[PDB]
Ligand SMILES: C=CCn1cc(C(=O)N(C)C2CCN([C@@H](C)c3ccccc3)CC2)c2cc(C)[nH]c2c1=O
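Below sits a lone chain in structure tokens, taken as the form solved without the named molecule.
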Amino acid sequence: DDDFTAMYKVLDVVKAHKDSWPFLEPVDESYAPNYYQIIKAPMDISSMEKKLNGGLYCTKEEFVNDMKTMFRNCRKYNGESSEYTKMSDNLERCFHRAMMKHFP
């Protein structure tokens, strides 16, 4: 399996996880005051999908970095005890499991 197919499958697993929904689309600032002032490099699953479909990823590392940035953004904006941070931790473990399966 080539890296890009592997990436597609990983994104599929992450999307399928019960806690993916806050991460599926770009953040709507109407429900996240000052989000784009606080977060330097926003990232979401649909954007990763589109980069992958548009062949904009050069390497596995770029893909992984977008995923990790997405989770860091969440933790930074929402705080440790937040519902969204709980979800980000579950989803990051989902990501890790998926990576081990599809990048063995």
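The first residue of the shown sequence is 1; numbering continues from there.
* Averaging the C-alpha B factors as listed in the entry, name the stretch that ends up higher: 49-57 or 67-75. => So the stretch with the higher mean C-alpha B-factor is 49-57.
* Asked: Which third of the chain does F23 land in by C-alpha B-factor: lowest, middle or highest?
  -> According to the entry, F23 has a C-alpha B-factor in the chain's lowest third.
* Chain thirds of CA B-factor: placement of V14 -> CA B-factor rank for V14: middle third.
* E29 - Cα temperature factor, lowest/middle/highest third of chain -> It belongs to the highest third of the chain when residues are ordered by C-alpha B-factor.
One more form of this protein should be noted, the form solved in complex with the named molecule, which is absent from this view; the next part is about it.
* Asked: Is it true that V27, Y35 and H96 each have at least one non-hydrogen atom within 4.5 Å of the named molecule in the deposited bound form?
  -> All three within 4.5 Å in the deposited bound form.
* To do: With heavy atoms only and a cut-off of 4.5 Å, decide whether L52 touches the named molecule in the deposited bound form.
  => No, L52 sits far enough from the named molecule in the deposited bound form that none of its heavy atoms falls within 4.5 Å.
* Proximity of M67 to the named molecule in the deposited bound form, heavy atoms at 4.5 Å -> Although the named molecule is absent here, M67 would touch it in the deposited bound form, with heavy atoms inside 4.5 Å.
* Asked: How about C74: is it within 4.5 Å of the named molecule in the deposited bound form, going by heavy atoms?
  -> Heavy-atom contact with the named molecule at 4.5 Å: present for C74.
* Tell me, yes or no, whether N78 is in contact with the named molecule in the deposited bound form, where a contact means a heavy atom of each within 4.5 Å. => Yes, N78 lies within 4.5 Å of the named molecule in the deposited bound form.
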